[PDB]
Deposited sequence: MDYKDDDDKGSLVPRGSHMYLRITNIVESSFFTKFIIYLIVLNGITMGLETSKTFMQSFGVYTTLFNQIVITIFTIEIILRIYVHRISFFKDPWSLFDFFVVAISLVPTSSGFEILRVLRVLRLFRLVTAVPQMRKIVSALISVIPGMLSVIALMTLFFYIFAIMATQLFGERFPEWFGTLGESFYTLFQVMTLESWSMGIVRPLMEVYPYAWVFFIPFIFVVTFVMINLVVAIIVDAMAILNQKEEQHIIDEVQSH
């Protein structure tokens, strides 16, 4: 425990975390700079060693943080993310992984409380949304099957395959070129194609909007219930 607490006070120190954030911001600049072939032709040699240094320093940090937090480390999503992001960056350059190394810049999120809270807040709405996401995903699935069968023979790029139809249906949901780009061309062969995509557009837009309405209104319903118990307590007491 003597050796344990020595490490704990370092890993727990504000200098330690401020150092890591320093590295993250420095390496973030570096990774932008490595985007210029000009910059790489000259200073590229330096930035590569720096990225190797940062990676090793983050590996030492992850190791220390694990000795200090023990099993608690692997039950913490933030440090799980720090773990896998640093682990990715450790795969030898031997290819999409070289690109996924950029994800280590998200450590600026996992290391800054203001950023964690923002992400925690945004993520908190999702659990209640799961069943609606499942409903909408079943909806997409059923319509991707139908679209593949209706249109995939004449329009294989857009509908020749379940995956392609899934892609196009998502495009239609964002409303991107849905008419000039997909449905008008379809209607030159299938004049009733609009009977398929208009109702599809209605459901998916209607569901999106009503999802937002329900979150705002149900949130404020709770706010009211919480205020209601507070006022009713006082009137009963005083």
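K.L.:
How would you write out the unmodelled ranges of the deposited sequence, numbered from 1?
P.N.:
In sequence order, the gaps with no modelled C-alpha are 1-16, 111-113.
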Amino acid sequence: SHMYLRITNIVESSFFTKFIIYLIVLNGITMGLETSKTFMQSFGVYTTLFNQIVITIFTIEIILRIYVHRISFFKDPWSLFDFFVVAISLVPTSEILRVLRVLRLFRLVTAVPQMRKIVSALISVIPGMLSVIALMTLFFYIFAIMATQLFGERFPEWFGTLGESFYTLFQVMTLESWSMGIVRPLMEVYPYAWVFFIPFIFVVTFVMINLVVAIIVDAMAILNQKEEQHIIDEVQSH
From here on, numbers count along this sequence of modelled residues.
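K.L.:
Mean C-alpha B factor from the entry: is it higher for 85-93 or for 164-172?
P.N.:
It is 85-93.
K.L.:
As stated in the PDB record, which stretch has the larger average Cα B-factor, 22-30 or 41-49?
P.N.:
Comparing 22-30 with 41-49, the higher mean C-alpha B-factor belongs to 41-49.
K.L.:
Can you pull the Cα B-factors for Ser179, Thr205, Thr35, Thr56 from the entry and say which is highest?
P.N.:
Among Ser179, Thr205, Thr35, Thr56, the highest C-alpha B-factor in the entry belongs to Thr56.
K.L.:
Highest CA temperature factor in the entry: which of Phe106, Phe139, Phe73, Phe159?
P.N.:
When the deposited C-alpha B-factors of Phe106, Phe139, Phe73, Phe159 are compared, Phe73 is largest.
K.L.:
Ordered by C-alpha B-factor within the chain, which third holds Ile201? Give me lowest, middle or highest, please.
P.N.:
Answer is lowest: the recorded C-alpha B-factor places it there.
K.L.:
For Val189, does the deposited CA B-factor place it in the lowest, middle or highest third of the chain?
P.N.:
Lowest third, going by the recorded CA B-factors of the chain.
K.L.:
Among the modelled residues of this chain, does the Cα B factor of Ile62 put it in the lowest, middle or highest third?
P.N.:
It belongs to the middle third of the chain when residues are ordered by C-alpha B-factor.
K.L.:
Where does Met220 sit by CA temperature factor within its chain: lowest, middle or highest third?
P.N.:
For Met220, the deposited C-alpha B-factor lands in the middle third.
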